[PDB]
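Residue numbers (PDB author numbering), protein chains in the order written: chain A, 1 to 287; chain A', 1 to 287. A prime marks a further copy of an entry chain.
Just below is one structure, and these are the notes that go with it.
2 protein chains.
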Amino acid sequence: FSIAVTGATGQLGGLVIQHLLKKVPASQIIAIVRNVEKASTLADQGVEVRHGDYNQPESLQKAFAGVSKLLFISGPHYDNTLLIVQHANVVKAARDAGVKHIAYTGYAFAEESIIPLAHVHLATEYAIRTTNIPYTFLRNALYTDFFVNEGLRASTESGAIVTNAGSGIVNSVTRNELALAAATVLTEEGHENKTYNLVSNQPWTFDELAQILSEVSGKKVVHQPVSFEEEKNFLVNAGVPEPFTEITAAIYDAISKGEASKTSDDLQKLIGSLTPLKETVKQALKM
Amino acid sequence: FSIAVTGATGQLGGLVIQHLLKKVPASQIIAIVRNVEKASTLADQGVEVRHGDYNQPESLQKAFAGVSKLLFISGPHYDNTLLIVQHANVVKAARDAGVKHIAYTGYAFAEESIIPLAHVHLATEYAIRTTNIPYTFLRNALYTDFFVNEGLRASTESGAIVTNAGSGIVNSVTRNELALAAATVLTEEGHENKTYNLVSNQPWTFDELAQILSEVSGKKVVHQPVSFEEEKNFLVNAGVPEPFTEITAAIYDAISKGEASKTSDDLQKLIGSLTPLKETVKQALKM
Ligand SMILES: NC(=O)c1ccc[n+]([C@@H]2O[C@H](COP(=O)([O-])OP(=O)(O)OC[C@H]3O[C@@H](n4cnc5c(N)ncnc54)[C@H](OP(=O)(O)O)[C@@H]3O)[C@@H](O)[C@H]2O)c1
Ligand SMILES: NC(=O)c1ccc[n+]([C@@H]2O[C@H](COP(=O)([O-])OP(=O)(O)OC[C@H]3O[C@@H](n4cnc5c(N)ncnc54)[C@H](OP(=O)(O)O)[C@@H]3O)[C@@H](O)[C@H]2O)c1
Numbered sequence: 001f002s003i004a005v006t007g008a009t010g011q012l013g014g015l016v017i018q019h020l021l022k023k024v025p026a027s028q029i030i031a032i033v034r035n036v037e038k039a040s041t042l043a044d045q046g047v048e049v050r051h052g053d054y055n056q057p058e059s060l061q062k063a064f065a066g067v068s069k070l071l072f073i074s075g076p077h078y079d080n081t082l083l084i085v086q087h088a089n090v091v092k093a094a095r096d097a098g099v100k101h102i103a104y105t106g107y108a109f110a111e112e113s114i115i116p117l118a119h120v121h122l123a124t125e126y127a128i129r130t131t132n133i134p135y136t137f138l139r140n141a142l143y144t145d146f147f148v149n150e151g152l153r154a155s156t157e158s159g160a161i162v163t164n165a166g167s168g169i170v171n172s173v174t175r176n177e178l179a180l181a182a183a184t185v186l187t188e189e190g191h192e193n194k195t196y197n198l199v200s201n202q203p204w205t206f207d208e209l210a211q212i213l214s215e216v217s218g219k220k221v222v223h224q225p226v227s228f229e230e231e232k233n234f235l236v237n238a239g240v241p242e243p244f245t246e247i248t249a250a251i252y253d254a255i256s257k258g259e260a261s262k263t264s265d266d267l268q269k270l271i272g273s274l275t276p277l278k279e280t281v282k283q284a285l286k287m
Numbered sequence: 001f002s003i004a005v006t007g008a009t010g011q012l013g014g015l016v017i018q019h020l021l022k023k024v025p026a027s028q029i030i031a032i033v034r035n036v037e038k039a040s041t042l043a044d045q046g047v048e049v050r051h052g053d054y055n056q057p058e059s060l061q062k063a064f065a066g067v068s069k070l071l072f073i074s075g076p077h078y079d080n081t082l083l084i085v086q087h088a089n090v091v092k093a094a095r096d097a098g099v100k101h102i103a104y105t106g107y108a109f110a111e112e113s114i115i116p117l118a119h120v121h122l123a124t125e126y127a128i129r130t131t132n133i134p135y136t137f138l139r140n141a142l143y144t145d146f147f148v149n150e151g152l153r154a155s156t157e158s159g160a161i162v163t164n165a166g167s168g169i170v171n172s173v174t175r176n177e178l179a180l181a182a183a184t185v186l187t188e189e190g191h192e193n194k195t196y197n198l199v200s201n202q203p204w205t206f207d208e209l210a211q212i213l214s215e216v217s218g219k220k221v222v223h224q225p226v227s228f229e230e231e232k233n234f235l236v237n238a239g240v241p242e243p244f245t246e247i248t249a250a251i252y253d254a255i256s257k258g259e260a261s262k263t264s265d266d267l268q269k270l271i272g273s274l275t276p277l278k279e280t281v282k283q284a285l286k287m
């Protein structure tokens, strides 16, 4: 029976579907999406598309009708209090539709977290627990892709990666590997009523990232450590709009305080060997 | 400035208002209610009544308009998954209205609890945390009134209190004392960003309750211990409808497993001496 993926046109959701397509027939996968025009790509691959908007309880009732396994990918997180309402609507719709298994993309080590979004994930986990639906909490790390992407070309150019993270440790993993973990979990037995903290057991620092970028690119790049307020200003000056520049500085600050410093073998046990940071840097730069 | 109480026509809410009326002028209190006709009694006392229905986000936006301190009393708990949605609507309405302080009636020791409703309370606490509003989590014990009420006359008549609680320990406190604690907290400094586990530090067993009922009434009453299924059937046979009889047996079963067996001095520190169980038995029976 069927596997449905919310957030299916998003980056993580699209990768989950691409991994599911290597495991199950396309007819067995259901893409649940807010913008049905966006999901054209998917329909061509033989994946059924349904409209499901977290702001619209009725739309979710219909989208979840008859689905056996649901991958509930968390919403974009501008307004955390709104996100709780949206997530609560999703869980109730899932309960009402008689969904037989629910997997939820949470946040690793949320109980120890110092960023506000951890609260949303824990509230959502408790909401799913009230349903009595067999669950899997896929507690994802921060995305390596947030830090390691084509944007690093700017750092190759300037000779510096500028952050306020200090020597904060980073347990990030790529969206690709987190998507693979979600797909693996959805398509095999044994993961009912389990929580996984899906993080790297080979963490890195920004010093290390600069050294790897230096190695790959041939240009000397240093990590240049600055204050929170120096970071916010550096980013705005580089054309990052003030809200996102604030979010980025806040994530670096949490990192400087150990936010991403805890590890687990859960991910490696689920999917096998993890992608070395250097390979991700090479891909990001196509170098 | 103003203190608003949701669930104001309910048993706990009405007692909070009666305690607030001994501390602050009636004009400073706002009763927020679903059924405005029910709140006639309150309006006669000079308490402002507003319509606020947890199913109606717009109604809550208007009810919370301009309120400084909000006592969010949890909804009735038939459907736990629906309750999460309702509670999420309340918290968002409170955030949007710019409520300056939120107190929430949660459940003591919820993290260790084995009843499903604990999950709702923890989800709601995490929701309130996302707002950044200064909070007080008034984590209430089970109500002594659930077990000790006029219904005990039936036990005086039969010579038996019949439960499936065994020798399970009970840390219950009366609605009256929990309401007093809520009112105390609302009307003094120092309780911002605090969690209180509001329970008895003089717990009791059903054996003890039968002995106290025997003492007060002059008739020998024993505690007669039965199975879960024997309890459910005993209650239905005594005219308790099958859903409530199931809930009652489930609460006794949780008690037999230590659900209400943990204590704290938080309540006694907040309100002073606690009401002896024997005094509550006398009141319940007017004996
Ligand atoms: N761990 C991390 O470092 C990290 C970082 C960022 C986010 N996250 C979380 O992980 C999730 C997935 O990551 P991602 O990179 O795949 O995010 P993404 O590409 O931004 O995708 C977010 C998805 O949510 C959908 N969405 C937004 N509002 C919706 C609504 N009202 N109803 C239904 N769907 C809605 C979007 O659909 P549309 O295509 O219609 O816009 C999009 O498909 C995010 O939503 C976020 O909560 C994690
Ligand atoms: N710790 C315990 O042993 C225990 C036991 C039972 C309940 N509780 C919790 O503590 C709360 C208060 O206890 P209580 O004895 O005062 O309960 P209660 O007398 O049953 O009152 C519940 C209140 O919630 C209101 N309500 C129901 N649906 C609503 C809605 N959709 N929108 C707005 N208000 C709504 C009711 O209003 P109406 O008058 O309009 O019906 C009522 O005033 C309960 O709601 C429950 O969550 C605790």
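The C-beta atom is built at its ideal place from N, Cα and C for all residues, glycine as well.
Drop a sphere of 10 angstroms on the beta-carbon of residue i, count the other beta-carbons inside from all chains shown, and report buried for 16 or more, exposed for fewer.
| i | result |
| --- | --- |
| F1 of chain A | exposed |
| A238 of chain A' | exposed |
| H19 of chain A' | buried |
| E125 of chain A' | buried |
| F64 of chain A | buried |
| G7 of chain A | buried |
| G168 of chain A | buried |
| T174 of chain A | buried |
| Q45 of chain A' | exposed |
| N55 of chain A | exposed |
| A210 of chain A | buried |
| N89 of chain A | buried |
| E229 of chain A | exposed |
| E231 of chain A' | buried |
Span of the beta strand (DSSP E) holding residue i?
| i | result |
| --- | --- |
| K257 of chain A' | Neither: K257 of chain A' is in no beta strand (DSSP E) and is coded neither H nor E. |
| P225 of chain A | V222 to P225 |
| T136 of chain A' | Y135 to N140 |
| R50 of chain A' | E48 to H51 |
| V5 of chain A' | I3 to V5 |
| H77 of chain A | Taken as a continuous stretch (DSSP letters only), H77 of chain A belongs to no beta strand (DSSP E), as it is neither H nor E. |
Inspect the beta-carbon positions of residue i and residue j and report whether they are closer than 8 angstroms.
| i | j | result |
| --- | --- | --- |
| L138 of chain A | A181 of chain A | yes |
| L178 of chain A' | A260 of chain A' | no |
| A183 of chain A | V16 of chain A | yes |
| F72 of chain A' | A103 of chain A' | yes |
| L122 of chain A' | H77 of chain A' | no |
| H223 of chain A' | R129 of chain A | no |
| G52 of chain A | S59 of chain A | yes |
| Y107 of chain A' | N140 of chain A' | yes |
Interface residues of chain A' around residue i at Cβ under 7 angstroms?
| i | result |
| --- | --- |
| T131 of chain A | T81 |
| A88 of chain A | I84, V85 and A88 |
| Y54 of chain A | Ordered by position in chain A', no residue passes the 7 angstroms Cβ test against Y54 of chain A, which lies about 12 angstroms from the chain. |
| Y107 of chain A | Correct list: empty, because the minimum Cβ distance to chain A' is about 12 angstroms. |
| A65 of chain A | None at all; the shortest Cβ gap to chain A' is about 17 angstroms. |
| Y196 of chain A | Correct list: empty, because the minimum Cβ distance to chain A' is about 20 angstroms. |
Using a C-beta to C-beta distance shorter than 9 angstroms, which residues of chain A' count as neighbours of residue i?
| i | result |
| --- | --- |
| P116 of chain A | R129, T130 and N132 |
| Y135 of chain A | Simply none; closest approach about 12 angstroms. |
| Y104 of chain A | Here the premise fails: no neighbours, minimum Cβ distance about 13 angstroms. |
Rounded C-beta distance between residue i and residue j? I'm assuming under 8 angstroms.
| i | j | result |
| --- | --- | --- |
| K194 of chain A' | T136 of chain A' | 6 angstroms |
| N171 of chain A | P203 of chain A | 5 angstroms |
| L277 of chain A | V199 of chain A | Actually they are not in contact, since the Cβ atoms of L277 of chain A and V199 of chain A sit about 14 angstroms apart, beyond 8 angstroms. |
| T263 of chain A | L213 of chain A | About 23 angstroms separates the two Cβ atoms, so there is no contact after all. |
| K23 of chain A' | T187 of chain A' | 5 angstroms |
| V221 of chain A | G159 of chain A | 6 angstroms |
How would you write the range of the alpha helix (DSSP H) that residue i sits in, first residue to last?
| i | result |
| --- | --- |
| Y126 of chain A' | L117 to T130 |
| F228 of chain A' | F228 to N237 |
| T184 of chain A' | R175 to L186 |
| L267 of chain A | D266 to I271 |
| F147 of chain A' | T144 to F147 |
| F206 of chain A' | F206 to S217 |
| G14 of chain A' | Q11 to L20 |
Given that residue i touches chain A, what residues does it touch there, using C-beta distances under 9 angstroms?
| i | result |
| --- | --- |
| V91 of chain A' | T81, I84 and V85 |
| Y252 of chain A' | Within 9 angstroms Cβ-Cβ: nothing; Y252 of chain A' doesn't reach chain A, min ~21 angstroms. |
Since residue i meets chain A, which of its residues come closer than 7 angstroms, beta carbon to beta carbon?
| i | result |
| --- | --- |
| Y78 of chain A' | What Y78 of chain A' touches in chain A: nothing, since even the nearest Cβ is about 12 angstroms away. |
| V120 of chain A' | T130 |
| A141 of chain A' | Correct list: empty, because the minimum Cβ distance to chain A is about 20 angstroms. |
Along chain A, in chain order, which residues have C-beta atoms closer than 8 angstroms to that of residue i?
| i | result |
| --- | --- |
| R95 of chain A' | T81 |
| residue 296 of chain A' | Outside the shown range of chain A' (1 to 287) lies residue 296 of chain A', about which nothing can therefore be said. |
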